[PDB]
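In this chain, numbering begins with 1 at the start of the sequence shown. Whatever order the structure lists them in is the order used to number ligands and atoms, beginning at 1.
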Amino acid sequence: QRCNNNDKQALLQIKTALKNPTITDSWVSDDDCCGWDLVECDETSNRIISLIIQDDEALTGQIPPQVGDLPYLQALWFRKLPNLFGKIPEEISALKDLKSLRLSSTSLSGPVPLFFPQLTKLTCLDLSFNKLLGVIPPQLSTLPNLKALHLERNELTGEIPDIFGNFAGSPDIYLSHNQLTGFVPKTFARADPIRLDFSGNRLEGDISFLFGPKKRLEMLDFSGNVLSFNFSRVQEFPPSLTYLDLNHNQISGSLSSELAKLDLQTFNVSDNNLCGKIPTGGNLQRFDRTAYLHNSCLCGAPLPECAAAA
Ligand SMILES: *[C@@H]1O[C@H](CO)[C@@H](O)[C@H](O)[C@H]1NC(C)=O
Ligand SMILES: *[C@@H]1O[C@H](CO)[C@@H](O)[C@H](O)[C@H]1NC(C)=O
């Protein structure tokens, strides 16, 4: 045939372990498993290289450990399974060929496991919208080929490890809606990511070293933190910045007039300690007043005109 018998028996184990959910109805010992839904075989090796279990509210239990028994997996997705619980099983460490691991929108908990650096082909690592706990493993920073890391919407505490600025190739990082504390590491000055989303944490201090004219940054969201620095020290911006959200921080100083050279699509500095005139140009008078409310003394279009004598 085509379907490898060992890949076949592992899939039949996983089906059994999940209590024959409906989404595995295609998994019949009649038909070649390469034919089945949710899975993909390689063209040459004919091994299972893909398993996508998604969007099934009734599916109850843990990640079956027999996922470790599909040794040629390149993509393993468990997404939008609210009744999936327990911890990420240690067995995923034997999946040396994964490029895409997405375990997200589930009730997976415990610590972020420590074996991910060993998964050297990883390009996408998405553990987002779970109940993961404790600190970020700094050694994740050693993966050589990551494009994106999603740890957003868990229950992670502690600081951003210094070495998280040193990912080879500067992948996008999403840490938002956790309980992270301390400063953004200055190692991020040397990183060139396209997107960063650290919003809804308890981060403090400065991020001025994230901006600057040779960076390829397009999207920055640090809204809902306690950032406390003088925005006047950012006098040049990454030219392709189109999304900048800093609402709900303790940022002070004033808006550089260099902001008017950006094609900003999204812009929000509401609920800060900013002062002085909103500069004229670019898209700045195109944002409605809600991008600028709850500041100390910003004035001008679209806020009311500057009134020094009142
Ligand atoms: C903030 O930084 C700039 C230059 O880096 C300085 O000129 C300015 O007065 C400082 N602002 C405040 C409010 O301390
Ligand atoms: C800015 O943020 C506030 C708070 O999240 C929100 O209510 C408001 O609509 C936002 N405005 C813009 C223009 O993004």
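- Annotation for ligand 2: atoms under 4.0 Å from non-hydrogen atoms of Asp288 are 13 (C).
- No more than 12 heavy atoms of other residues, nucleotides or ligands shown are found within 6.0 angstrom of CZ on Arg202.
- A disulfide is assigned to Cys299 and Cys306, since their SG atoms are nearer than 2.5 Å.
- Shown here are the ring pair (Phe, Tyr, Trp, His ring centres under 6.0 Å) partners of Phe267, two or more places apart in sequence or in another chain: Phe287, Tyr292.
- Here is the list of ligand 2 atoms found below 4.0 Å of a heavy atom in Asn247: 2 (O), 4 (C), 5 (O).
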One pair per line, please: each N/O atom of ligand 1 matched with every protein N/O atom under 3.5 Å away, atom names first, then the distance to 0.1 Å.
residue	atom	partner	partner atom	Å
ligand 1	2 (O)	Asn230	ND2	2.4
ligand 1	11 (N)	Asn230	ND2	2.8

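- By the neighbour-count criterion of 12 heavy atoms within 6.0 Å, atom CZ of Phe85 is densely surrounded, having more than that number from other residues, nucleotides or ligands.
- Residue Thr290 touches ligand 2 through backbone and side chain together, judged by heavy-atom distances below 4.0 Å.
- Within 6.0 Å of atom NZ in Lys15, more than 12 heavy atoms from other residues, nucleotides or ligands are found, so the atom counts as buried in its surroundings.
- Shown in contact with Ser270 at under 4.0 Å from a heavy atom are these atoms of ligand 2, numbered in order with element: 1 (C), 2 (O), 3 (C).
- Within a 6.0 Å sphere centred on CZ of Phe115, heavy atoms belonging to other residues, nucleotides or ligands number more than 12.
- Considering backbone and side-chain atoms alike, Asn268 places an N or O below 3.5 Å from some N or O of ligand 2.
- Counted within 6.0 Å of CZ on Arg2, heavy atoms from surrounding residues, nucleotides or ligands total more than 12; the atom is thus considered enclosed.
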For the pair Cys33 and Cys41, evaluate disulfide (SG to SG under 2.5 Å) and give the outcome as yes or no after the intermediate values.
-> CA-CA 9 Å; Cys33 68; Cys41 298; 5.1 Å; no
